[PDB]
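**Student:** Below is one structure. I have some questions about it.
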Amino acid sequence: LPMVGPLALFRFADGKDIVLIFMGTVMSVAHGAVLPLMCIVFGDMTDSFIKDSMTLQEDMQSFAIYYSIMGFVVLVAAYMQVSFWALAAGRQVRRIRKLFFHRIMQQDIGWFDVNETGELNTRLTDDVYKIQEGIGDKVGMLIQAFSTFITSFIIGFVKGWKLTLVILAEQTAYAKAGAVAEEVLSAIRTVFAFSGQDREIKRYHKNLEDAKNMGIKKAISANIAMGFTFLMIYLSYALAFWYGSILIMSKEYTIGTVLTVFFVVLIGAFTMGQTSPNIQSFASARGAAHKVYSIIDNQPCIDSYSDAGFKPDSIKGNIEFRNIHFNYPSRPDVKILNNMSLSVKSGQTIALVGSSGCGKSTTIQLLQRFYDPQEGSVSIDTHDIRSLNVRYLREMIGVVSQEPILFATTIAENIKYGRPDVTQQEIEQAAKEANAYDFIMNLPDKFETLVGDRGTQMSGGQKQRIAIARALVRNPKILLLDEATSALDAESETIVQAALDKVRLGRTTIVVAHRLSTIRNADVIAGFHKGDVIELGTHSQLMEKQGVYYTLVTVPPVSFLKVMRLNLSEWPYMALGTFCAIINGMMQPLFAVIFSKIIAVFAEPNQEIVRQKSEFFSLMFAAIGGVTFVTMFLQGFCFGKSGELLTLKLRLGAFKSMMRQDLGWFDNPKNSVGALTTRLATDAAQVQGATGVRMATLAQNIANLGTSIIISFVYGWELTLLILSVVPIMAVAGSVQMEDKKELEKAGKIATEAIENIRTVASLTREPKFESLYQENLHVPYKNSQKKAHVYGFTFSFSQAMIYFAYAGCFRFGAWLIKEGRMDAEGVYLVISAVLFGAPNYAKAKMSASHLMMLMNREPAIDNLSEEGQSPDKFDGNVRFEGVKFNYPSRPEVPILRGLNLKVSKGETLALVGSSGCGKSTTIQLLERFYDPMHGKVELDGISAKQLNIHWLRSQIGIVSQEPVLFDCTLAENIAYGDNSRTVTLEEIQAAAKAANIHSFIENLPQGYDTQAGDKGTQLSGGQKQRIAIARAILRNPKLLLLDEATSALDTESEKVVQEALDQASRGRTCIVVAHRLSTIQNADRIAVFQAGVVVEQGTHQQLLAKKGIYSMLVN
């Protein structure tokens, strides 16, 4: 991935930020330095106790004072470093967010066209948070770790030579499963339709089994590595003690110096180990930072903030287009506009009529400086827009289009965007100027009415009213309208038309009209054709062509209960891992006690006795390392097995529930294919990790606590109190050792509103206003984050210092213990050793598991896999609609259907067109049971569809779509997919190929039907893929064919061949076509035109033409 070094991470920093960084770096170095000095004093004290084992009160007091000063130093240094680093992160991220929004608002509309709004918002939030977390504390820990590393090596090199420290001592598996998941999920419709539930369940099962085998192998490798590291650690212990023994026999160094240097080098090596996740997090933060720094570092030639530009004042309105020629930035190949020119004098109503989609919004956008004219000149009042400043240009022109959007704020604030200089008298005068919203809502507040996302949702008419009022606030000289009359009720058209007529009194307006609302409204109307100008003329004159006007119709989490219930089957693995973990906890304190003995026994000036004791302790310690190795390996194996098996079961359950589930659930943004795949990939692993790991860690910690407690009870009541006043007071320090995010979401919401409606926010030049609102809303979360940073720094410093404070407090009791002599000098050694060696996943996994459980426990509107219902006999084909209604589930606020009485029988060829766009494939999806009908009944040979087996119905009907998705496998199985009820031989595939005029293609290539598909193999074009998809559908020979735009979005040459294949398929069986070309409809039995989401015909093509049907004018 694209990285930048550390330089492009701190580019944003002032004097104060840099000095805070330097103070934090110095204090981090202080923390690192104190880390080894503690072990230095520990070893020196070990030696002092050894000498006194055979002149200790003053030394003990000096040690106590040294530990106290070290504790205070670490407290102060840790507080300062964490707090200062967090403050630097806060300031940098505040500047980053400010500049990032500044550049978003400034970068041209093209960048948004090449960047999805939701994707850009996710990028903003995630990347900014990643930068904040990487810079602040993680970098501090990295600095501390490296400082400790260098300090440990420098002390080793300056003392205790040791002969130079003893010469210095899943994707590969889950790729197939992810590919299968992507295939079934992206192609959800095709897998569902062909009853490919069981087959794809089986393929996922097989790939999951392979993935589980690979995961077990990787667990073996990783845990063998961990056991090897433990064996190397214990060999290091044995070698260090062996060298120290030689030293004491050879009289060069002093006892304990070797122990000190050994502890220092091991702590250095393992701290170097601990930084690896931290440096990986730093690298991820740096990558996100490069992405953000790329976004900010952009200065497009189109600019709104540049004050460089002419700002005249004699504006009356004279818009000239001279040889304009533009190509879209996201597809510069297309010739959207070519050689367009047009004249618009001040105060003349000029409108344009042409083909839909092509020439309507282009002129409005270009006059708004959305995209610079590639060629040509656009002049306003004899001044070019280029020489004219963008802010001034946009301010004087009002623009309104078909998508009325109102921002998340009261009406008063929404119309405040018209201008800054609008106070109560001005706002009320402007509202009166609207002369359409003279009334008000409930809460008789006179324009002070909270209108949020849901608060008092209003109809399109009212939104157009308020939008026109906001536009009129600024009295713009030029008005641009892109079919304002659309997506509105049957009574607001007159209101909006009258309002615009009143607005037109003393102004220049260009409305681009194409729809049925009103085309003769204007005074002068011109014609556009594929961007170019046909001619400009008066409306009455334009009747001469007779081809423009008469061409129209005249969740609840769980404390790991269900996870354990699911794993209950794995007694041998869970229980064995728990027992091994319990043994490990049993052993940790025994390790402490044996180490205590081995260090203490050094007070032995003899030679043979010391030799034998050291040798025996080395042997037993090696055996202990071995038993720890075997226990760790066994527990790792067992927990890997349990985790991988749980992940397999959860993936299988999620997949099974997904297959059972309906399709409507998939269309929501949450259930996007990418998000669903990421969830299935990550959440399962997280839940696998946490459940077992929590058990193991809890068992280990409770075992350590109980073991220390019992040893303390054996040693004495004072030692019991010592354990209680060190380890379970250490409970908080070591456990809680360880939002403003939601408050941020309050501002990310206004950010999303801004970026999503970028067209509008750019139209009124309210970049600074939305910036200021963003800043005001971010002010509070910034302060909260600073306070939270202070609190976290304080708590972390206290937890860090509590270790040294407990060390010091140990003496407060050891002094009495030695003086009063209630014990022997072993309890102190034991407590110090135990506390020394004592020295997230659960939270994420609980959320992941809750997601999974809620996923495998839904109640679909219709259960796909369930078999309750009927399995009637031979189906002849008779689909009757009894006044069926439907509403789009994800967006019910846009009724897509208002009544269906479609009638088809065995052999009828009823043709649909779906040209309106409203409900193209909704009718096809209705039959496939992808969505439950809201009303009516779908009678099939005397029976409905609500109480029918979906499998049987989906079996007997052949669905063909426009996107022939082929599966990443051999053509043989790709065609065999058509019949998942039974296994198919080669003859049926031969017949399907013959009836698809495709064998001519497959006979040439030697591989033939077994030819591989994919990307590097035999790549096929649109026509070949369409014909093979038709073959796959026709394999089963269904009794009713439904095709939706089958011959659409494909090469012109292939239209004839695909149509011929379709006529071959539609032989002796009922067919429903939603094709665009009327050539296919020409040889049709009867036709039902699909207009306004309602049927408006049912009959023959000949009668359709005779009565001047819609096709006569819809020919083009």
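Ordered as shown in the structure tokens, chains take letters A, B, and onward, while each chain numbers its residues from 1 and ligands are numbered from 1 in the order shown.
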Need to verify the contact set: residue 430 of chain A, 10 Å, only C-alpha atoms, exclusion of same-chain residues closer than 5 positions in sequence. Can you return it as JSON, numbers by chain?
**Tutor:** {"A": [415, 418, 422, 424, 425, 435, 469, 470, 471, 472, 473, 474, 475]}
**Student:** Go ahead and write the selection's residues with C-alpha atoms as a PDB file, in the first residue's frame.
**Tutor:**
```pdb
ATOM      1  CA  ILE A 415     -33.951  30.109   4.867  1.00  0.00           C
ATOM      2  CA  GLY A 418     -30.339  32.641   1.381  1.00  0.00           C
ATOM      3  CA  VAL A 422     -31.642  38.435   6.811  1.00  0.00           C
ATOM      4  CA  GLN A 424     -36.702  38.959  11.506  1.00  0.00           C
ATOM      5  CA  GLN A 425     -38.218  41.667   9.314  1.00  0.00           C
ATOM      6  CA  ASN A 435     -46.530  33.958  -1.213  1.00  0.00           C
ATOM      7  CA  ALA A 469     -38.617  30.830  -0.622  1.00  0.00           C
ATOM      8  CA  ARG A 470     -34.956  30.266   0.240  1.00  0.00           C
ATOM      9  CA  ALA A 471     -34.020  30.998  -3.372  1.00  0.00           C
ATOM     10  CA  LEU A 472     -36.140  34.168  -3.404  1.00  0.00           C
ATOM     11  CA  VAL A 473     -34.434  35.372  -0.221  1.00  0.00           C
ATOM     12  CA  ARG A 474     -31.384  36.373  -2.278  1.00  0.00           C
ATOM     13  CA  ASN A 475     -33.353  37.855  -5.215  1.00  0.00           C
TER      14      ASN A 475
END
```
**Student:** Run DSSP on the backbone of this structure and report the residues of segment 325-521 of chain A it assigns to helix (DSSP H, G or I), as a PyMOL selection string.
**Tutor:** chain A and resi 361-367+390-396+411-416+424-434+460-473+492-503
**Student:** Determine, counting only C-alpha atoms, which protein, DNA and RNA residues have an atom within 10 Å of an atom of residue 566 of chain A; residues of the same chain fewer than 3 positions away are not included. Present the result as a list in words.
**Tutor:**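 Contacts, in chain order: residues 561, 562, 563, 569, 570, 646, 649 and 650 of chain A.
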**Student:** Just want the 8 Å neighbourhood of segment 970-984 of chain A, counted on only C-alpha atoms, with same-chain residues fewer than 2 positions away dropped. Output as a PyMOL selection string.
**Tutor:** chain A and resi 194-196+199+966-968+986+988-989+1009-1013+1028-1029+1031-1036
**Student:** Export C-alpha atoms of the chosen residues as a JSON list (two decimals), in the first residue's frame?
**Tutor:**
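What ended up in out-v8.json:
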```json
[["chain", "number", "residue", "atom", "x", "y", "z"],
["A", 194, "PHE", "CA", -32.21, -21.67, -9.19],
["A", 195, "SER", "CA", -32.80, -23.24, -5.75],
["A", 196, "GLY", "CA", -29.03, -23.24, -5.34],
["A", 199, "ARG", "CA", -25.46, -26.65, -3.58],
["A", 966, "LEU", "CA", -21.38, -16.56, -14.50],
["A", 967, "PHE", "CA", -19.89, -18.53, -11.63],
["A", 968, "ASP", "CA", -16.13, -18.92, -11.29],
["A", 986, "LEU", "CA", -23.78, -34.09, -20.74],
["A", 988, "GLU", "CA", -28.91, -32.03, -21.35],
["A", 989, "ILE", "CA", -26.05, -29.52, -21.55],
["A", 1009, "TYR", "CA", -17.75, -27.67, -22.21],
["A", 1010, "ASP", "CA", -15.11, -28.19, -19.51],
["A", 1011, "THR", "CA", -13.33, -24.97, -20.48],
["A", 1012, "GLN", "CA", -12.45, -22.92, -17.42],
["A", 1013, "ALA", "CA", -13.94, -19.49, -16.83],
["A", 1028, "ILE", "CA", -24.92, -18.99, -21.79],
["A", 1029, "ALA", "CA", -27.12, -17.52, -19.05],
["A", 1031, "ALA", "CA", -28.90, -21.77, -21.65],
["A", 1032, "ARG", "CA", -28.46, -22.17, -17.89],
["A", 1033, "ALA", "CA", -32.01, -20.98, -17.30],
["A", 1034, "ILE", "CA", -33.51, -23.19, -20.03],
["A", 1035, "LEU", "CA", -31.70, -26.32, -18.83],
["A", 1036, "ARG", "CA", -34.67, -27.25, -16.62]]
```
**Student:** Hey, which of A:987, A:113, A:320, A:209 ends up closest to residue 645 of chain A? Count only C-alpha atoms.
**Tutor:**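 For residue 645 of chain A, the nearest of the given residues is A:209.
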**Student:** Need the shell around residue 233 of chain A: protein/DNA/RNA residues with any atom at most 12 Å away, counting only C-alpha atoms. Skip same-chain ones fewer than 2 positions apart. Format as a CSV table (one decimal) with C-alpha atoms, in the first residue's frame?
**Tutor:**
```
chain,number,residue,atom,x,y,z
A,169,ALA,CA,22.1,-14.8,23.2
A,226,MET,CA,5.5,-20.0,21.3
A,227,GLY,CA,6.7,-23.1,23.0
A,228,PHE,CA,10.1,-22.8,21.3
A,229,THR,CA,10.3,-19.2,22.6
A,230,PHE,CA,9.6,-20.5,26.1
A,231,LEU,CA,12.2,-23.2,25.8
A,235,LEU,CA,17.6,-22.2,28.3
A,236,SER,CA,18.6,-18.5,28.8
A,237,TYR,CA,17.8,-18.8,32.5
A,238,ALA,CA,19.9,-22.0,32.8
A,239,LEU,CA,22.8,-20.5,30.8
A,240,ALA,CA,22.8,-17.3,32.8
A,262,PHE,CA,20.2,-10.9,32.5
A,263,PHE,CA,16.9,-9.3,33.7
A,265,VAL,CA,18.5,-7.9,28.6
A,266,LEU,CA,15.4,-10.1,28.8
A,267,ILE,CA,13.1,-7.2,29.6
A,269,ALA,CA,14.1,-8.1,24.3
A,270,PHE,CA,10.5,-8.7,25.4
A,621,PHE,CA,14.2,-25.7,36.0
A,622,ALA,CA,14.8,-27.2,32.6
A,624,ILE,CA,9.9,-27.0,34.4
A,625,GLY,CA,10.4,-25.2,31.1
A,626,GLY,CA,9.6,-28.5,29.4
A,628,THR,CA,5.3,-25.4,30.6
A,629,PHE,CA,6.1,-26.0,26.9
```
**Student:** When you look at residue 541 of chain A with a cut-off of 12 Å (counting only C-alpha atoms), what residues show up, excluding the ones that are within fewer than 5 positions of it in the same chain? I need them as a list in words.
**Tutor:**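 So, after excluding close chain neighbours, the residues are residues 520, 523, 524, 525, 526, 535, 536, 546, 548 and 549 of chain A.
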**Student:** Store the residues picked out above, limited to N, CA, C and O atoms, as a PDB file, in the first residue's frame.
**Tutor:**
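The resulting file, selection17.pdb, is shown below:
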```
ATOM      1  N   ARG A 520     -45.515  23.633 -22.673  1.00  0.00           N
ATOM      2  CA  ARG A 520     -45.833  24.894 -23.330  1.00  0.00           C
ATOM      3  C   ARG A 520     -45.858  26.070 -22.363  1.00  0.00           C
ATOM      4  O   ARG A 520     -46.232  27.178 -22.763  1.00  0.00           O
ATOM      5  N   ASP A 523     -42.415  30.945 -22.709  1.00  0.00           N
ATOM      6  CA  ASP A 523     -42.740  31.801 -23.845  1.00  0.00           C
ATOM      7  C   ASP A 523     -41.949  31.386 -25.080  1.00  0.00           C
ATOM      8  O   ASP A 523     -42.512  31.232 -26.169  1.00  0.00           O
ATOM      9  N   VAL A 524     -40.640  31.201 -24.927  1.00  0.00           N
ATOM     10  CA  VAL A 524     -39.768  30.747 -26.005  1.00  0.00           C
ATOM     11  C   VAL A 524     -39.222  29.379 -25.627  1.00  0.00           C
ATOM     12  O   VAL A 524     -38.730  29.186 -24.509  1.00  0.00           O
ATOM     13  N   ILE A 525     -39.317  28.426 -26.551  1.00  0.00           N
ATOM     14  CA  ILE A 525     -38.836  27.068 -26.335  1.00  0.00           C
ATOM     15  C   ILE A 525     -37.924  26.693 -27.496  1.00  0.00           C
ATOM     16  O   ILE A 525     -38.269  26.920 -28.660  1.00  0.00           O
ATOM     17  N   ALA A 526     -36.765  26.127 -27.177  1.00  0.00           N
ATOM     18  CA  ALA A 526     -35.805  25.649 -28.159  1.00  0.00           C
ATOM     19  C   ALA A 526     -35.641  24.141 -28.027  1.00  0.00           C
ATOM     20  O   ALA A 526     -36.066  23.524 -27.045  1.00  0.00           O
ATOM     21  N   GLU A 535     -32.739  24.170 -32.919  1.00  0.00           N
ATOM     22  CA  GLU A 535     -33.069  25.551 -33.238  1.00  0.00           C
ATOM     23  C   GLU A 535     -33.815  26.151 -32.055  1.00  0.00           C
ATOM     24  O   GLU A 535     -34.284  25.436 -31.165  1.00  0.00           O
ATOM     25  N   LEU A 536     -33.903  27.476 -32.054  1.00  0.00           N
ATOM     26  CA  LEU A 536     -34.638  28.230 -31.047  1.00  0.00           C
ATOM     27  C   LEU A 536     -35.777  28.977 -31.723  1.00  0.00           C
ATOM     28  O   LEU A 536     -35.571  29.629 -32.752  1.00  0.00           O
ATOM     29  N   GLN A 546     -43.866  19.560 -35.457  1.00  0.00           N
ATOM     30  CA  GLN A 546     -44.878  18.574 -35.082  1.00  0.00           C
ATOM     31  C   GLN A 546     -44.232  17.289 -34.573  1.00  0.00           C
ATOM     32  O   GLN A 546     -44.696  16.183 -34.860  1.00  0.00           O
ATOM     33  N   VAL A 548     -42.381  17.497 -31.219  1.00  0.00           N
ATOM     34  CA  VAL A 548     -41.947  17.819 -29.867  1.00  0.00           C
ATOM     35  C   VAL A 548     -43.125  17.872 -28.901  1.00  0.00           C
ATOM     36  O   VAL A 548     -43.059  17.335 -27.791  1.00  0.00           O
ATOM     37  N   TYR A 549     -44.219  18.510 -29.312  1.00  0.00           N
ATOM     38  CA  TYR A 549     -45.369  18.709 -28.440  1.00  0.00           C
ATOM     39  C   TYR A 549     -46.411  17.608 -28.592  1.00  0.00           C
ATOM     40  O   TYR A 549     -46.905  17.082 -27.589  1.00  0.00           O
TER      41      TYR A 549
END
```
**Student:** For the atom pair atom CA of residue 273 of chain A and atom CA of residue 168 of chain A, what is the interatomic distance in Å to one decimal place?
**Tutor:**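 Between these atoms lies a distance of 15.6 Å.
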